[PDB]
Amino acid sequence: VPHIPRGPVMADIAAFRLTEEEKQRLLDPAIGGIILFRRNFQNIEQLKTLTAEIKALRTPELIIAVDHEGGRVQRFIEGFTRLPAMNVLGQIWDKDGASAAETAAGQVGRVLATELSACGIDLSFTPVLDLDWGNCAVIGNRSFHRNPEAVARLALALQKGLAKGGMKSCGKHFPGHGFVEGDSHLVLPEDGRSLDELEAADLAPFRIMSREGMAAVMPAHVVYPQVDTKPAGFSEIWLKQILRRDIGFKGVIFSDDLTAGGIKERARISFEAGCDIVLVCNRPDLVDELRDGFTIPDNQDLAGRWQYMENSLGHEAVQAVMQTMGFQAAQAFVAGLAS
């Protein structure tokens, strides 16, 4: 079992089980993790086999992630508790108050994370910290609430739930996707507001989550012209000056999905902007192209940043906890929010 540091590329895979070509690809030192999608999911037992064989390839084991937010963003359905959209938690906030909402958020986080942890997943890319300004359809009900205080507090409660289930958090989409309009899949929207306007609202949940141990951030594919002419995920100003320096964030900055102008070049500008890890999804050809003759950028923090995201619960421990009545009750409560 070769010992290779985790590389700065997060790749993905085609279907339910690794092919031999995929095995060879995932051994490449450029690769440090894998993101899974619905096409990689048949059922829980197949998923476990898949994650196990991914992990067996090398050490430190490749980090495995998935998008389980809730509602219309939940890759794995059959055999999982159906998760509510995050705005359901903000509705509980408005109706039954903060305390009831935080409690509910904690249970959602716990169920979400624990069920995934049982299958060998390290991390879900959640929570969304975007504010519901009533402008952005693609975010829509994925946002907790309009109000930055409600968003921050529900997110922090969800984060504690996730940690019970073995997982860290990944805030999306820095520095805030809520204000732009977005309803035409694959446009690159413009947020004309000033930095002060963002500091007063959209940035606050990111600051607070950062302070409280958030492991990673996904950037918005959005241009904020008053701050920089470049989209946030390719902006030194956003990523180094604001997120690293001003906010003090020490975790992973993921790139957007880079999938021409060329993949090598697109990765280069991402790393140069301040991303730790680049995502290359649905395009194993571009991963092959990128990794061939790839020089790993010097990043002394990478190994620790990946390692902070490793699942904290052992597989047997998780199967045990899922048999408990306490956890089964949490499951039923969360299921109820989703119906």
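Residue positions are given as counts along the sequence shown, with the first one as 1.
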Subject >> Check: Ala137 without coordinates in a third or more of other entries >> reply: no
Original post:
Does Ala216, which is modelled here, drop out in at least a third of the other compared PDB entries?
Top reply: no
**OP:** Can you count, per the entry, how many deposited residues between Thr103 and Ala104 come without coordinates? Answer none, 1 to 3, 4 to 9, or 10 or more.
**Re:** none
Subject >> Average Cα temperature factor in the PDB entry - higher stretch of 238-246, 68-76 >> reply: 238-246
**OP:** Look up the CA B-factors in the entry and say which stretch, 30-38 or 52-60, has the higher mean.
**Re:** 52-60
Subject >> Identity of residue with top Cα B-factor, from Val180, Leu129, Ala157, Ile263 >> reply: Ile263
Subject >> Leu188, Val88, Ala232, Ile208, ranked by C-alpha B-factor: the highest one >> reply: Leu188
Original post:
C-alpha B factor of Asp276, ranked within the chain: lowest, middle or highest third?
Top reply: lowest
Subject >> Chain-relative CA temperature factor third for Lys95 >> reply: highest
**OP:** Taking the values exactly as deposited, rank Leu313 by C-alpha B-factor within its chain and report the matching third: lowest, middle or highest.
**Re:** highest
**OP:** Among all modelled residues of this chain, ranked by Cα B factor, put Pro284 in the bottom, middle or top third, i.e. lowest, middle or highest.
**Re:** highest
**OP:** Give the position of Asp196 by CA B-factor within its chain, expressed as the lowest, middle or highest third.
**Re:** highest
